Amino acid sequence: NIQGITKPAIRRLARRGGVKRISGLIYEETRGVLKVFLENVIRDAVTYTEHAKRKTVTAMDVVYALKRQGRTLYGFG
Amino acid sequence: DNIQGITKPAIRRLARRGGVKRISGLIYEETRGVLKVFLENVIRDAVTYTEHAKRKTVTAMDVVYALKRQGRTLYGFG
Amino acid sequence: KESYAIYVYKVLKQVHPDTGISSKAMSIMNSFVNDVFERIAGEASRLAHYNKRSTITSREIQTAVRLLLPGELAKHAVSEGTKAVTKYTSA
Amino acid sequence: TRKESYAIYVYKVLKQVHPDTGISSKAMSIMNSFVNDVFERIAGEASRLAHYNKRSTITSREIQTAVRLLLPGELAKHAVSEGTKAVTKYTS
Amino acid sequence: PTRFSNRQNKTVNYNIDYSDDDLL
Amino acid sequence: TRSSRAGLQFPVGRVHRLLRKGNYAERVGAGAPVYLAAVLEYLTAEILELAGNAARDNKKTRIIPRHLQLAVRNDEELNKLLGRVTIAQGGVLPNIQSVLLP
Amino acid sequence: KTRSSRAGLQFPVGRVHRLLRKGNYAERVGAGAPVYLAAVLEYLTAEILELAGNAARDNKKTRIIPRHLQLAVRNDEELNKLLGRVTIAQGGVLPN
Amino acid sequence: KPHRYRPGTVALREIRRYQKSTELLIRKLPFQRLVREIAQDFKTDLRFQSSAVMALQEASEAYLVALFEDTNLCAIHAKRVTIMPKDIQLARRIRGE
Amino acid sequence: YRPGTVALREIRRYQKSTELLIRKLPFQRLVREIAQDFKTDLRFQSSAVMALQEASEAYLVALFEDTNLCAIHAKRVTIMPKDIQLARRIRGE
């Protein structure tokens, strides 16, 4: 499942980040930190959705969660 | 100069609290530089609060507000 | 010119009556409690505004605690709050 | 049911700065987000100032100082010039 | 004593007395 | 119309209503909303100016988020104001650490 | 008599309710909010006072001082996270 | 002859290409599959606005590329071009996480 | 004492200690010098100068503690200016 995100995607990301050369040990650690980041945001998004009594999460819940984390995403209204 | 009042020994003592085992001689200027910038960041904020307060002394409170704006909350002075 | 000092002494005497506390440490506590109060109230306000609701009630602070606190701290704090409001409303 | 946004004002000011160009709806949404963010930031800071001085009210002086704090120096200088001339026109 | 935490924190040492006879 | 009296393009009414409904204070002085509208229209004018120039350099007439990310990061004051903002499809500035070059 | 006693709490339900009404956090507040907030504040203060108590106790010190507060709050990784940005005046570093 | 490029030339072309690009660099279905299996650990049966999934996709992509851009400096500081897990561990520790 | 142990000793000492390291008057003269740039008509509460030195020392110590990690990751032990520049660039300032 986290195996669905797979090496070429990580490579492409790192290339946008200018990583010229990339050791084989990095893919598991990047999966790790990605899982942590997702958990840390989903926790709050789900919490907002629960408090709204809804069963549907919304982009507003996500951007609220991110703003609470302290990085702000424009363009989703 | 007033910035030279931050002595090399004191900077070394701070580095020792930082656990620094060994210090290259250039760091004393870098530490002064960043410190001056750090002051130059917070102080203009604090005096701006005083100007809004229209008072002429600063107070511990308004500098605490400046640190709060800096995202660097300091307890104990209130 | 209100401050929390006496309440701090009450909780102190409950947890550890054996020991005093420095006025500096008291001023630290008075800063901390005000900071966390401002934080949680700010979050509760953000919640109520987001829901377009007019009012703050227990459910808002209950959610904001689950947002601001670490999970285990939230788990205990929300329980204590539930107990407190249960007693208050029963009484 | 109805929407609310700054989009028409963004478009108007764009035409004033540049009469030829236009923008994607994505860009318009991003602009509306930016405007909402900066509005919330300045209002929050102004309310902090208000409470710090036990004031009941938000006025020109409050916003002028909250913006002087939020903006970097050259932006703040221009913003305060814009606000000053705007207020003086409005009262005139 | 009246209040006790539920939280299963580990035991902690807070003593910060130390010597220098390892350095001599 | 208050915006016309001020000579501003932004909605003095809408912002005053938002200051009321946002409950930032129990009182709002009449100067506050016009000053806020002025600073908002100034900031937006600046960012639209830079985005327009970026679009012209790319020889495209409709501005798109790439142009916004370019404009906002190519000015150090905008970047400082917006250091922790991110924007959809705002692909980062092209750069390479010269050590990486042959 | 006071609502704190009705809740079984030490913290000043009156003062906190007044502050909530004063602070323009909302136009309205329910009676449960202030007592719940007092409850959680009293819990967190009890926790930190406990830890500082231990930080004094093994230093053989009869009386809490800021150094003990820092020693406590930086040892608990959860409270450290909660105070991650906080600076404690006269709080030295942890030994390492 | 195969006209094989020597190592790194292709990598530098990739870097230039993907810094020119803005599109999302990661497959949609795998991501929106994963995220709901994460959500399942908090609460079952959540429905999602697709726009919410796109917001998460964008935020996570930006966060990852920012962390890579930071760790590149760390690898430069070790005066080696290959990044290593200890590098991103350091970068995270310095950022504070 | 064995060679070089003084560094370890004074590290352990100043980690144990809590007091301010900087001289009070020099720091006050410094912050007054910085301030008078913004407005000549000025006064300070002494507690404000205390808060300033406290915050600045805490910030410096934190920056040192990070840059030490940078140095050891480079497998040096001597701290170097490029370490400071890196650590600041990672944190953002």
# chains A, B, ... in the order shown; residues from 1 in each chain; ligands from 1
>>> interface_residues(of="chain G", to="chain B", cutoff="7 Å", atoms="only C-alpha atoms", output="MDAnalysis selection string")
chainID G and resid 85:89
>>> residues_around(residues="residue 45 of chain A", least_positions_apart="4", cutoff="8 Å", atoms="only C-alpha atoms", output="PyMOL selection string")
chain A and resi 41+49+57+61-62+64-65
>>> atom_distance(atom1="atom CA of residue 11 of chain D", atom2="atom CA of residue 33 of chain D")
14.6 Å
>>> residues_around(residues="residue 68 of chain G", least_positions_apart="5", cutoff="6 Å", atoms="only C-alpha atoms", output="tab-separated table (two decimals) with N, CA, C and O atoms, in the first residue's frame")
chain	number	residue	atom	x	y	z
G	52	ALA	N	7.87	18.66	38.48
G	52	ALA	CA	8.79	19.58	39.16
G	52	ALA	C	9.04	19.15	40.60
G	52	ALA	O	10.15	19.32	41.12
G	55	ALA	N	11.65	16.69	40.39
G	55	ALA	CA	12.90	17.34	40.01
G	55	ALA	C	13.56	18.08	41.17
G	55	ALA	O	14.79	18.19	41.22
G	56	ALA	N	12.77	18.57	42.11
G	56	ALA	CA	13.30	19.09	43.37
G	56	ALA	C	13.69	17.98	44.33
G	56	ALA	O	14.74	18.06	44.99
>>> residues_around(residues="residue 74 of chain A", least_positions_apart="3", cutoff="8 Å", atoms="only C-alpha atoms", output="mmCIF file with N, CA and C atoms, in the first residue's frame")
data_model
loop_
_atom_site.group_PDB
_atom_site.id
_atom_site.type_symbol
_atom_site.label_atom_id
_atom_site.label_comp_id
_atom_site.auth_asym_id
_atom_site.auth_seq_id
_atom_site.Cartn_x
_atom_site.Cartn_y
_atom_site.Cartn_z
ATOM 1 N N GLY A 77 -9.615 27.426 -2.090
ATOM 2 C CA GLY A 77 -10.713 28.238 -1.603
ATOM 3 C C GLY A 77 -10.664 28.422 -0.101
ATOM 4 N N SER D 29 -8.640 31.919 -7.623
ATOM 5 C CA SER D 29 -8.806 31.268 -6.326
ATOM 6 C C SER D 29 -7.606 31.497 -5.417
ATOM 7 N N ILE D 30 -6.400 31.395 -5.969
ATOM 8 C CA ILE D 30 -5.193 31.638 -5.185
ATOM 9 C C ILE D 30 -5.143 33.075 -4.683
ATOM 10 N N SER D 33 -7.515 33.419 -1.843
ATOM 11 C CA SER D 33 -6.903 32.828 -0.657
ATOM 12 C C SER D 33 -5.900 33.783 -0.026
ATOM 13 N N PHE D 34 -5.024 34.360 -0.844
ATOM 14 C CA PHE D 34 -4.021 35.289 -0.339
ATOM 15 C C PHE D 34 -4.667 36.483 0.354
ATOM 16 N N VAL F 85 3.941 29.982 3.146
ATOM 17 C CA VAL F 85 2.834 29.720 2.237
ATOM 18 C C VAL F 85 3.325 28.827 1.108
ATOM 19 N N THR F 86 2.457 27.934 0.645
ATOM 20 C CA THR F 86 2.671 27.205 -0.595
ATOM 21 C C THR F 86 1.410 27.255 -1.443
ATOM 22 N N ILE F 87 1.597 27.167 -2.758
ATOM 23 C CA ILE F 87 0.527 27.385 -3.720
ATOM 24 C C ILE F 87 0.481 26.213 -4.689
ATOM 25 N N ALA F 88 -0.730 25.752 -4.982
ATOM 26 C CA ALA F 88 -0.925 24.623 -5.880
ATOM 27 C C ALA F 88 -0.281 24.876 -7.237
#
>>> interface_residues(of="chain B", to="chain I", cutoff="8 Å", atoms="only C-alpha atoms", output="PyMOL selection string")
chain B and resi 2-3+5-6+10+13-24+26-27+30-31+35+38-40+43-44+47+56-61+63-64+74+77
>>> select_by_dssp(residues="chain F", states="alpha helix (DSSP H)", output="ChimeraX atom specification")
/F:2-6,12-21,31-57,65-74,76-81
>>> select_by_dssp(residues="chain C", states="strand (DSSP E)", output="PyMOL selection string")
chain C and resi 20-21+55-56
>>> closest_atom_pairs(of="chain A", to="chain F", cutoff="10 Å", atoms="only C-alpha atoms", output="CSV")
residue,atom,partner,partner_atom,distance
A:16,CA,F:92,CA,7.9
A:17,CA,F:92,CA,8.5
A:18,CA,F:96,CA,6.2
A:19,CA,F:100,CA,8.9
A:20,CA,F:100,CA,6.9
A:21,CA,F:100,CA,9.6
A:67,CA,F:85,CA,9.5
A:70,CA,F:84,CA,7.7
A:71,CA,F:84,CA,5.5
A:72,CA,F:85,CA,4.9
A:73,CA,F:86,CA,5.1
A:74,CA,F:87,CA,4.9
A:75,CA,F:88,CA,6.1
A:76,CA,F:88,CA,8.3
>>> interface_residues(of="chain D", to="chain A", cutoff="12 Å", atoms="only C-alpha atoms", output="PyMOL selection string")
chain D and resi 3-7+24-38
>>> interface_residues(of="chain G", to="chain H", cutoff="12 Å", atoms="only C-alpha atoms", output="PDB file with C-alpha atoms, in the first residue's frame")
ATOM      1  CA  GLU G  77       8.794  14.328  25.715  1.00  0.00           C
ATOM      2  CA  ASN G  80       8.338  19.120  25.861  1.00  0.00           C
ATOM      3  CA  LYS G  81       6.434  18.813  22.583  1.00  0.00           C
ATOM      4  CA  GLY G  84       8.427  22.880  22.126  1.00  0.00           C
ATOM      5  CA  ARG G  85       8.805  26.584  21.339  1.00  0.00           C
TER       6      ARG G  85
END
>>> atom_distance(atom1="atom CA of residue 66 of chain C", atom2="atom CA of residue 1 of chain A")
28.0 Å
>>> closest_atom_pairs(of="segment 16-46 of chain F", to="segment 1-25 of chain G", cutoff="12 Å", atoms="only C-alpha atoms", output="tab-separated table")
residue	atom	partner	partner_atom	distance
F:20	CA	G:24	CA	11.7
F:21	CA	G:24	CA	11.6
F:22	CA	G:24	CA	9.9
F:23	CA	G:24	CA	6.6
F:24	CA	G:24	CA	7.0
F:25	CA	G:24	CA	6.9
F:26	CA	G:24	CA	7.7
F:27	CA	G:24	CA	11.2
>>> atom_distance(atom1="atom CA of residue 68 of chain H", atom2="atom CA of residue 73 of chain I")
17.3 Å
